[PDB]
Structure formats: C-alpha cells, structure tokens
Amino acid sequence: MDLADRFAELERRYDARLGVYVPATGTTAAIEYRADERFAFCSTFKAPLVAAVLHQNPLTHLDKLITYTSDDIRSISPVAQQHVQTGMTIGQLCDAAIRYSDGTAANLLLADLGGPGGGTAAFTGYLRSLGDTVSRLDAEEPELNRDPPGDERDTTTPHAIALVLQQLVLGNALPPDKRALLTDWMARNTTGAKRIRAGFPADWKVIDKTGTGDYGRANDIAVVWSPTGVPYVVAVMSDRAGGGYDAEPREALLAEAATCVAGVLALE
C-alpha cells in the first residue's frame, strides 16, 4: 500500500473529504492528496490577511487604534469582545486574528486593507500578488460559513494555501522584521493543539493557523521544523459534507493526516 491508500481510509473512516499538500524539498517528494480540489478557507485566510496588512504598511501602522462597536461583532470574536470599549490597534488585531482566530479582528483587518466594500477583493488581490490565481475570498465572517460544498466562493486548495504560506514564512514575501511577527503569532496560536501539532513529535517545531466551519469543515495550515531546523509546509483541509450543514468537524482526522505526513518527513 501507499500513502494515497492511507489517506483514503481516513476518508472512509471519518466520512470525510481530505486534502493534503506538502511541497517537495531537496530530500522529500511532494505529498499531494486532492491537492487541487477546493476547500473552504474558513479562518485559515487570516494568516495571509495579516501578511497583507504587514506588507502594505510600515511597522508603525501596527500602533494605529481601530475603534469599533458591539454592532461590528457578528462572528465569534474572543478577543474583540473584550476590547470593544477601548479599541484595538492593528497589531492587536493581527495578534487576535491569528492566535484566537478572531472573526471581528479579521473583518476589521479586511476593512483596513481595502475599505468597507473592498476588503475581500483586496485580500484576494494580495494572494494574486503572490502568484496565487486560485484562491478567493468573497465574504467575511460569519457569512462565509454559509457557502455550500461545491461553491467556489471563499475557497482555496491545499496546493494554493501551502504555497502561499511557504512564501510568507520561508520565502521573501515579507521582510525579516514583518515575517518574524507573522511567525511569532502563528507560533503562539491557541487553537491548533489537536491538529497538525498532534501529528508531529514534540522536538519538531510547529506554527499554524486553523479553520473550522459548517459542513464538518476543519483545516490547519502549518510550517514545521525538524529538530535540526529543516523546514516543511503542511496544509491539511477537510470537510464532512455527508452529514449536512451541522456535520461535526473532526480534528482527529487532521491529526491523523499530519501523523501520516510526519511518518514520511521524519523517518530517514
């Protein structure tokens, strides 16, 4: 048997569709499974969103205070609800968007990037600027949770998002000082313990951004480093469209997919 057969069994067992991509390196072949099929971003767009805002502004822009109201909180926003009275700086928003997957923080970052009607097109244009012609963001949270399976809106592919993440973390899409902020926020993420992290041994370093949604959607995108500093990019995406809109996401599906990947990357 081969790795595609292992990934197929994961699908049968969880009644799920799984997509995996890990770029080739000098010493490892690409891992690709449904790598060109579309999957909802869910919250994973917030990583390249923070990069867009870092890229387009001096670091001093991170100190800009954004004020907002309870009316702006229409999605799960653990950090933004706490700071609604005093406001949050662009920096704080980037922090929240990545580390708590904060929906209001992402929406305010979208508005900072392209204005109130223009944010999702501007975010998408950032992706186009990086050579990603595939991904698209069309709505903001929470409206983007309503796209049904098969709708191209608000989707990426394992291929596309891993390659974006690669440029951002391991390439030169950002200058070192901006890159480090992205990397720090993803390193300090609070939401991915049970996903890619759970597939990799404790001496591999992991940074990540998750997403979850309706139709059983669960994603994670990460950069991992070997104990000797060898970097790899892992995108794992899933949905469970079988069980309808209220199908439960399965984090363990992602942990298992990650374990299959780690078995390839870690075993010499």
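Rigid core: the largest C-alpha set superposing within 1.5 Å between the two forms. Residues carry their position along the shown sequence, with the first being 1.
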After a core fit, does 95-103 or 141-149 show the bigger CA gap to the shown form in 6 other deposited structures of this protein?
-> 141-149
Higher-B stretch (mean Cα B-factor, as the entry records it), 1-9 or 257-265 | 1-9
Could you check the entry and say whether 159-167 or 133-141 has the higher mean CA B-factor?
-> 133-141
Tell me which of 44, 238, 226, 67 tops the list for C-alpha B factor in the record.
-> 67
Given 128, 197, 74, 188, the residue at which the Cα B factor reaches its maximum | 74
Report the third (lowest, middle or highest) to which the CA temperature factor of residue 81 belongs, ranking only the modelled residues of the same chain.
-> highest
Should residue 36 be placed in the lowest, middle or highest third of its chain by the C-alpha B factor in the entry?
-> middle
Grab the CA temperature factor for residue 62 from the record and place it in the lowest, middle or highest third of its chain.
-> highest
Assert third(CA B-factor, residue 26) within chain per record equals highest
For residue 97, the third of its chain into which the C-alpha B factor falls | lowest
